[PDB]
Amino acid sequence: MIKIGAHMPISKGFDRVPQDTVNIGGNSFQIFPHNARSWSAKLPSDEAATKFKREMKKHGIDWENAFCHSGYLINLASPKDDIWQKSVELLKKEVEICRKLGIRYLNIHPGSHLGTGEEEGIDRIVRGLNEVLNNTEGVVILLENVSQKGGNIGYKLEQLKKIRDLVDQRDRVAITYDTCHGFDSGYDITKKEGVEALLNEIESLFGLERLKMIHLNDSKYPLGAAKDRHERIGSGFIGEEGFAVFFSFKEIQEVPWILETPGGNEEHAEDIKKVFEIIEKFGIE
């Protein structure tokens, strides 16, 4: 029923990810596309990509439940042309990594304008997305909501809509909702009226079909804190009671839930168990 997993390490190879996912009790995952520390990234070898696909098949992982997260360096809103250009080129490479692996989705944070203006930053993001999308095929870019820190763009869903609606290939732009980033920004999923408002907002701005992933993160801080410090499920200010409200909506259950909570595979296995404990304890249908 539930589509759930975690951000998984790739350091031992992409092909380990399907088994590792099953081993933590998941049926979905997110991975980085590389471990580059600068502006160039290698492709997986032919052998590595084939082995990954083989393991995906062996473990029966639904390809609609497998996601890449773009690297930490890319910033399509940067007012520094160096950074903008290098970001565009690395994002193209990340799309090609996804395409080689068969991954259908590449999730990005829109960017930060570093205090040079939301409108101008949105236009730079759009320009960058057009350069990437118009020179690649297949892969859909997911825009993730973020916290309101520095010059970040995307702390309100309206900002994601402004970007998406300007991109040429808007069918290749969809949305990821991160519960911690959202909670930081005033999206109060701890009350049913807050979840209803969130869903109404998604439906109006994008259509619900565009919600492709939820990043399921508790928060170390209260509603509105703008801190971006994730917490283990049930251990933060969203809490067991808040997640029970969020989980109760069928619209939410339809979308994969990907943990980005503190820790590694073992903590994530515990968090998946906690999610099911919450569903059971609160009698969620």
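All residue numbers are counted from 1 along the displayed sequence.
According to the PDB record, 237-245 carries the higher mean C-alpha B-factor of the two stretches 213-221 and 237-245. The mean Cα B-factor in the deposited entry runs higher for 113-121 than for the other of 113-121 and 166-174.
In the deposited coordinates, the residue among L73, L142, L157, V132 with the greatest CA B-factor is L73. When the C-alpha B-factors of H181, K100, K192, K161 are read from the PDB record, the largest value belongs to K192. Among the modelled residues of its chain, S45 has a C-alpha B-factor that falls in the middle third according to the deposited record.
For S38, the recorded CA B-factor ranks within the highest third of the chain. Only modelled residues enter the ranking. When the modelled residues of the chain are ordered by their C-alpha B factor, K57 lands in the middle third. When all modelled residues of the chain are sorted by CA temperature factor, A197 is found within the highest third. In this PDB entry, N65 carries a Cα temperature factor that places it within the middle third of its chain's modelled residues.
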